[PDB]
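1. Model the following, please.
(2 chains, ligands or ions: 1)
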Amino acid sequence: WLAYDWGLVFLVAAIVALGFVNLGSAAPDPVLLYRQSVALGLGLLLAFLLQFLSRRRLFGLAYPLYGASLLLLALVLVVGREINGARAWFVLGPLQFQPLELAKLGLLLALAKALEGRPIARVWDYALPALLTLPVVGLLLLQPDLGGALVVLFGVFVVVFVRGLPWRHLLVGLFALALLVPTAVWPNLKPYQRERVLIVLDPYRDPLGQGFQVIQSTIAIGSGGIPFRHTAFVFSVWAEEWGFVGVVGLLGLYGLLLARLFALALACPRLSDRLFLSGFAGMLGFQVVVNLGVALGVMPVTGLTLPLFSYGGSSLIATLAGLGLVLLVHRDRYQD
Amino acid sequence: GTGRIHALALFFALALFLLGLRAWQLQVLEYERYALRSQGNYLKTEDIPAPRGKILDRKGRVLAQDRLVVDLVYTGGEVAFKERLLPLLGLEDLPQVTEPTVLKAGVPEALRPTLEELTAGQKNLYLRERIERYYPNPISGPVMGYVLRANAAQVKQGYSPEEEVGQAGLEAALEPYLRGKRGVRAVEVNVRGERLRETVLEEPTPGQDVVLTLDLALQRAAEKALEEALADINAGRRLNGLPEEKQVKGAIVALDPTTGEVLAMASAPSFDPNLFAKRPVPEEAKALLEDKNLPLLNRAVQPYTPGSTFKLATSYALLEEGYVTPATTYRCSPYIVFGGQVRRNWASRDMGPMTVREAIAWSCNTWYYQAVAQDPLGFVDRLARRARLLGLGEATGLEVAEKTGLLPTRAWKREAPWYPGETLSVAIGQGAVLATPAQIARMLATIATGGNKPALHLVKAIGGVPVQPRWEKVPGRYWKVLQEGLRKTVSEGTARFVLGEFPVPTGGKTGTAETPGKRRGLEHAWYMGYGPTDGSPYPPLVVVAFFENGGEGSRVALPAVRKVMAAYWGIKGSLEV
Ligand SMILES: *C(=O)[C@@H](NC(=O)[C@H](N)c1ccccc1)[C@@H]1N[C@@H](C(=O)O)C(C)(C)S1
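-> Numbers count the residues shown, from 1 in each chain, chains lettered A, B, ... in the order given. Find the structure here:
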């Protein structure tokens, strides 16, 4: 129907354009550039196929996808592959899939279809989303995956922050939970774990945080014009070579990206479209402010990549498929 | 239903603004911190070693420190200007070895400038620098102690292997205060491969300097006075037929009774703290750890049998409970029958009528037999009440690791089953009344001050903060009686021949402890002694000397205190010149 928002598509295209340009120096392995190019082809073809669907059919599979995502998060801990101390991938040769992507895209639909009704703001307002969130995070902390769990909790927080808004009861609840849980984990934490957590806060410990400290010095190399990994540190490679007048260009595109995602979230009159696009833009923007915060030496290391800018076998496809659902509910914001 | 989304849009907008402001900080405000000299030079990051704190006593004499260790290493075997090096080094030849080898370890401050001019910055000749803990005025190990590198279990606690962990009695207590922050730096490396500019990213804290209450003057005399006791220990054991047992098992403590500061503490057989420190793997230190004796343990804080030193507290518990007035009448007979067996006296003839002052003087044992025989079952519990009140059961507050002093009560014997004949042996100190020389020195300091029960602390000040001494008072209605009996021991009792003609009027009490092993004539040598009982312009001082199985406290421990007391008040010997 050609009734999309081409401004959002141009912002995504401009970011993934600089991503392929930046991967020219960051890991210049031609074998890696092949698997990244064929990932963009499938990531764009899948979004083109998701446009052959209606919004009613999308939210019709909210509970099916949520129930199926819980089956994979419980199966990944059995027949999964351990890449970095955690099993969270399904690789059967030429296949590459992560169940955490289906959990996010499944929980946003399920929590939107569910919270379209009345939330009892008295006590049981948080009861329904917590009953749907803990089974997801619970099967993620048993991988373990702390970074992916924070994206889930932040997205669920965004969904509740749009419908619920228990501002007086939510902040006091967080301040209490943020003081009772550390008061219980710190005494039961081992010295191997206590120092590990303290190193996460203050990163000045070389045998583990040398590269993460080198990132702070690597970014400040060029102005006005060996790192650990390319995936978890695309920004440091890109910020080092392009100076500061460039960094504002990447921060600008991501700033304009989260703006149109929230702007298109407002154009939708339905509440479930308000919740779905808010949680998606919340989860997407949460990784960015966390990933770029790790590189700049502000946010603690969580092990997350830059969406639409990093090297991802499926993370690019899943991020594009998520944007396809964004463009889906926007052209269907009026019709029922 | 829309305003909350405007807030999230504003949130991530200000979030990316803070990141942009954070980048601008590193990019613009810190570009002078990461300059690369307009060349393809890489950047290497290295951590800065932490200067451990300096341990020094009062008056400023350094006792522990750490400086550079300059060594000469060379590989290849090129002569260079060796016609000058051979006489300077005194080797007369260059031993050609394949692996890198060290020549002249510990280059002095005079040879290093002469070597530096001859180093010429060549690839073969260089001067490696190292960090090692240096003790300019070594003090007895069991008190001072040693230093080792980070253990494998300690590495997981955030310790670098180059860091130095102190198992010492004194350096473990100060370890949280001596350790400095291991900083991190980064240096621009040229394409050739040299240092260009250093960049301090984490400033290394140089640790904190601890000021001790020990006096290096009294400390030398304390360790010295332990050795002449061996000549007295071997002399005493010679009359019994036992071997010379030349080992010097014992310790000594000298402290200020007023301010609670400890001035001299030494144990034997001590070791040299410089052994474990500077040497990578000293083979002599490995034998010290596997020693059949206890060369590392501080016998000043370990529990032993106090003997006649505990009877000073028995008299305190006897006067405060109201058992005996300060002018009671008891004849120091040679023998006393408790009811089952005969309690033996240290002597063999009748001494005469005595008081509490006279009983402490001549150290009569038959006094504490008749007096306790009145109420032997209830006094034992009240005895430990006053005993723990004087500082014999609880800790002394020392920074060094201290052992538990056991005081016997009726409740303790039930959990260990009590017999009435045990009280008399407990009254003198036989019934497992385990005490430590540190706790023993505190008990005398309480009676010397007449009520004040100060806390023993080696540290006078950490960094620059003067540590205030904590006091505590005990309810004592008759203090002078004990103080008079203590000097009556020096004036007329056991210490008559050593300290009778002594210039400073001293008081104290001798002590021997029938060892539980065989009771064959080699008791534990004990003697306590506090400072000027009279208003004589001499600073107060308490000294307590102990020797394992040394025997004859009047012959071994008593002269050991005379030596330390003479060193404190500056008592001249045969110096007619
Ligand atoms: C303690 O109050 C007295 N007796 C003992 O220490 C021992 N029970 C003892 C050892 C050897 C012979 C007889 C008794 C005094 N402690 C000694 C001392 O003051 O040095 C004493 C033997 C002279 S008497």
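2. Every contact and neighbour count from this point should use C-alpha atoms.
-> OK.
3. Could you tell me how far residue B:489 is located from the ligand?
-> As defined by CA to the nearest ligand atom, to the nearest Å, residue B:489 lies at a distance of 9 Å from the ligand.
4. residues touching the residue nearest to that residue when sequence neighbours are not counted, list them.
-> Nearest residue to residue B:489 in three dimensions, chain neighbours excluded: residue B:361, at 3.7 Å (CA to CA, 6 or more residues apart in numbering or on different chains). Residues counted as contacts of residue B:361 (CA atoms under 8 Å, 6 or more residues apart in numbering or on different chains) are B:485-490, B:492-494, B:509.
5. again with residue A:3
-> By CA under 8 Å, 6+ apart, the contact list for residue A:3 reads residue A:331.
6. is it fair to say it lies in a strand?
-> No: using DSSP: H, G, I helix; E, B strand; the rest coil, the assignment for residue A:3 is coil, not a strand.
7. Could you measure from it over to residue A:324?
-> 14 Å (CA to CA, to the nearest Å).
8. quick one: secondary structure of residue B:264?
-> The local conformation at residue B:264, judged by three-state DSSP, is strand.
9. Next one: it relative to residue A:136, how far apart?
-> Distance of residue B:264 to residue A:136, given as CA to CA: 66 Å.
10. rewinding a little: could the contacts of residue B:361 go into TSV alongside distance to residue B:417, secondary structure and neighbour count?
-> Formatted as TSV, the entries for those read as follows, by distance: CA to CA, whole Å; DSSP: H, G, I helix; E, B strand; the rest coil; neighbours: other CA atoms under 10 Å in any protein chain shown:
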residue	distance to residue B:417	secondary structure	neighbour count
B:485	36	helix	26
B:486	36	helix	34
B:487	39	helix	27
B:488	39	helix	25
B:489	37	helix	26
B:490	40	helix	27
B:492	41	coil	17
B:493	38	coil	23
B:494	37	coil	24
B:509	33	strand	32
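11. could I have stretch B:41-50 exported to CSV, CA atoms only?
-> What follows is stretch B:41-50 as a C-alpha-only set of coordinates in CSV (Å, rounded to 0.1, in the frame of the first residue of the first chain):
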residue,chain,number,x,y,z
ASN,B,41,52.5,4.3,17.4
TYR,B,42,50.5,1.8,19.5
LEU,B,43,49.6,2.1,23.2
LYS,B,44,50.6,-0.3,25.9
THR,B,45,49.1,-0.3,29.4
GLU,B,46,51.0,-1.4,32.5
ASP,B,47,50.1,-1.4,36.1
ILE,B,48,52.2,0.5,38.7
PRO,B,49,53.5,-1.4,41.7
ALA,B,50,52.2,-0.4,45.1
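12. Show me what counts as buried in it.
-> B:41, B:43, B:45, B:47-50 (16 or more other CA atoms under 10 Å in any protein chain shown).
13. Pull the distance from it to the chain's centre.
-> The chain centroid and the centroid of stretch B:41-50 are separated by 39 Å, computed with CA atoms, centre = their mean, to the nearest Å.
14. Equivalent analysis for stretch A:194-202, please.
-> Computed by CA atoms, centre = their mean, the chain-centroid distance of stretch A:194-202 equals 24 Å.
15. Chain A contacts on chain B?
-> Residues of chain B lying close to chain A by CA under 8 Å from any CA of the partner chain are B:1-2, B:4-6, B:9, B:12-13, B:15-16, B:19-20, B:22-24, B:26-28, B:30-31, B:34-36, B:45, B:47, B:156-158, B:184.
16. redo that, cut-off 6 Å
-> B:4, B:26-27, B:34, B:156 (CA under 6 Å from any CA of the partner chain).
17. Helices - which of these land there?
-> Counted as lying in helices by DSSP state H, out of these, are residue B:4.
18. For the ligand, state which of the residues of chain B next to chain A is nearest.
-> Using CA to the nearest ligand atom, residue B:156 comes nearest to the ligand of the residues of chain B next to chain A, at 51.2 Å.
19. Just give the closest residue to that closest one, not the sequence neighbours.
-> Excluding the flanking residues, the one nearest residue B:156 by CA to CA, 6+ apart is residue A:192, at 5.9 Å.
20. Give the helix, strand or coil label for the one you found.
-> Secondary structure assignment for residue A:192 (three-state DSSP): helix.
21. Tell me how many other residues crowd it.
-> By the criterion of other CA atoms under 10 Å in any protein chain shown, residue A:192 has 13 neighbours.
22. now swap in the one 4 residues further on and tell me
-> Residue A:196 is surrounded by 16 other residues when neighbours are defined as other CA under 10 Å.
23. Spell out which helix or strand contains it, please.
-> Per DSSP states H and E: residue A:196 is located in helix A:191-201.
24. ok, residues contacting that helix?
-> If you take CA atoms under 6 Å, 6 or more residues apart in numbering or on different chains as the criterion, helix A:191-201 is touched by A:300, B:156.
25. for the chain, which helix is longest?
-> Because you didn't say which chain, this covers chain A. Max-length helix for chain A by DSSP H is helix A:234-267.
26. my question was about chain B
-> When chain B is parsed with DSSP H, its longest helix is helix B:216-240.
27. Counting neighbours, what do you get for the residue in the stretch 201-336 of chain A that the ligand sits nearest to?
-> Using CA to the nearest ligand atom, residue A:205 is the residue of the stretch 201-336 of chain A that sits closest to the ligand, at 59.0 Å. When neighbours are counted by other CA under 10 Å, residue A:205 registers 20.
28. measure the closest residue to it other than its chain neighbours to residue A:300 for me?
-> If the residues on either side of it in the chain are set aside, residue A:205 comes closest to residue A:199, at 6.5 Å by CA to CA, 6+ apart. Applying CA to CA, the value for residue A:199 to residue A:300 is 9 Å.
29. Mind checking which of the buried residues of stretch B:41-50 land in strands?
-> When these are checked against strands using DSSP state E, the ones located there are B:43, B:45, B:47.
30. dump the residue contacts of the residue most central in space within chain B.
-> In chain B, the centroid-proximal residue (CA atoms, centre = their mean) is residue B:143; its distance is 2.7 Å. Contacts of residue B:143 were listed using CA under 6 Å, 6+ apart, and they are residue B:169.
31. What's the separation between whatever residue of the stretch 51-200 of chain A ends up closest to the ligand and residue A:208?
-> Checking the stretch 51-200 of chain A residue by residue against the ligand with CA to the nearest ligand atom singles out residue A:191 as nearest, at 49.8 Å. Using CA to CA, one gets 16 Å for the distance from residue A:191 to residue A:208.
32. before we move on, what about residue B:454?
-> With distances taken as CA to CA, residue B:454 is found 48 Å from residue A:208.
33. who has more neighbours, the two?
-> The residue with more neighbours, out of residue B:454 and residue A:208, is residue B:454; 25 against 13, by other CA under 10 Å.
34. any idea how far that one lies from residue B:441?
-> Noted for residue B:454: a distance of 11 Å to residue B:441, by CA to CA.
35. so the residue of the stretch 201-350 of chain B found nearest chain A bridges to which residues?
-> For the stretch 201-350 of chain B, the nearest residue to chain A under the criterion CA to the nearest CA is residue B:202, separated by 8.0 Å. The residues paired with residue B:202 through beta bridges, assigned by DSSP bridges, are residue B:184.
36. so how many other residues sit close to it?
-> Should you count by other CA under 10 Å, residue B:202 turns out to have 15 residues around it.
37. next one: the one 10 residues further on
-> Around residue B:212 there are 22 other residues, counting by other CA under 10 Å.
38. Let me see the backbone angles for it.
-> Phi and psi for residue B:212, reported as degrees, to the nearest 10, are phi -90, psi 160.
39. from the chain's centre, how far out does stretch A:81-98 sit?
-> Put simply, stretch A:81-98 sits 18 Å off its chain's centre (CA atoms, centre = their mean).
40. Could you export it as PDB, keeping only the C-alpha atoms?
-> Coordinates of each C-alpha in stretch A:81-98 appear next as PDB, following Å, rounded to 0.1, in the frame of the first residue of the first chain:
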ATOM      1  CA  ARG A  81      25.900 -25.100  22.600                       C
ATOM      2  CA  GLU A  82      28.200 -23.400  25.200                       C
ATOM      3  CA  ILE A  83      29.900 -20.500  23.400                       C
ATOM      4  CA  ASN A  84      31.100 -18.400  26.400                       C
ATOM      5  CA  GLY A  85      30.200 -20.200  29.600                       C
ATOM      6  CA  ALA A  86      26.500 -20.400  28.800                       C
ATOM      7  CA  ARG A  87      24.200 -22.400  26.400                       C
ATOM      8  CA  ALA A  88      22.000 -20.000  24.500                       C
ATOM      9  CA  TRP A  89      22.200 -21.000  20.800                       C
ATOM     10  CA  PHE A  90      20.800 -23.600  18.400                       C
ATOM     11  CA  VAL A  91      23.400 -24.400  15.800                       C
ATOM     12  CA  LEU A  92      22.800 -27.500  13.700                       C
ATOM     13  CA  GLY A  93      25.500 -26.800  11.200                       C
ATOM     14  CA  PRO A  94      24.500 -24.100   8.800                       C
ATOM     15  CA  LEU A  95      21.700 -22.900  11.100                       C
ATOM     16  CA  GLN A  96      22.000 -20.200  13.700                       C
ATOM     17  CA  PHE A  97      19.200 -19.300  16.100                       C
ATOM     18  CA  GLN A  98      18.900 -17.900  19.600                       C
END
